[PDB]
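Below you'll find only one chain, the form solved without adenosine-5-diphosphoribose, shown as structure tokens.
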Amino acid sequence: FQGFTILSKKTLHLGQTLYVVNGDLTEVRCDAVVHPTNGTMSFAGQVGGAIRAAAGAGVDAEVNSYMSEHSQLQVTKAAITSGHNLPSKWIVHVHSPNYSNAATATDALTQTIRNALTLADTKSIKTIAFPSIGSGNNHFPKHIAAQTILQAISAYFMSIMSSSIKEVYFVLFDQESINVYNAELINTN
């Protein structure tokens, strides 16, 4: 519908490629999209509302059933459901931490990203699209969040034998967040 622009692309040491893209996360054709959420797996805010709108009411049944079987999504943890009417096959729901005046806030965000990627590997996901995580309701400053997330991804790929994940897209809707991710990608290797 709206289309996309690729503002930056960078390949990491062992060949995974990260992209900073302007567009609508729910329009990307990829294996998985990331849904930052809370312990009750709500679809709230700009990103969560858009995901639910595009996925359709069918996702509600699946998320509600997931909680019947698995209880709430604990902080830093991830869970996968189908994407329903989304053009991506899976939704990776992640419970990101809130920012706090402690180094533990960035550690927890690192673990959230590591857990999301690890779970995505279990499905042999090849391409995965992230919104800007941690900025917004979780209140991380934008640069700190982007640094933490990009470094967690770089470190993930250097901490496993191999991964199915070949491409990671940061799909951002505002110039401010594009500028932040573009700047931090330069320091991501």
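One rule holds for the numbers: they count along the sequence shown, beginning at 1. Definition used throughout: the rigid core is the maximal C-alpha set that superposes within 1.5 Å between two forms.
Per the PDB record, of the two stretches 102 to 110 and 89 to 97, 102 to 110 carries the greater mean B-factor over its C-alpha atoms.
The PDB entry reports B-factors from which the mean C-alpha value can be compared for 6 to 14 and 170 to 178; the larger average falls on 170 to 178.
Per the deposited coordinates, the residue with the largest Cα temperature factor out of 28, 152, 61, 125 is 61. Of the residues listed, 55, 145, 34, 67, the entry assigns the biggest Cα temperature factor to 55.
From this point on, the text means the form deposited with adenosine-5-diphosphoribose bound, which you will not see here.
Just one listed stretch, out of 52 to 60, 128 to 136, 65 to 73, 152 to 160, contacts adenosine-5-diphosphoribose in the entry with it bound at the 4.5 Å heavy atom level, and that stretch is 128 to 136. Contact with adenosine-5-diphosphoribose in the entry with it bound, defined as a heavy atom within 4.5 Å, is made by all three of 42, 46 and 171. adenosine-5-diphosphoribose in the entry with it bound is approached by residue 37, whose closest heavy atom lies within 4.5 angstroms of it. Remark: residue 24 counts among the residues lining adenosine-5-diphosphoribose in the entry with it bound, judged by a heavy atom distance of 4.5 Å or less. Using a 4.5 angstroms threshold between heavy atoms, residue 96 counts as touching adenosine-5-diphosphoribose in the entry with it bound. Looking at CA displacements between this form and the one not shown with the core superposed, a shift of 2 Å or more is confined, among 118, 74, 100, 85, to 100.
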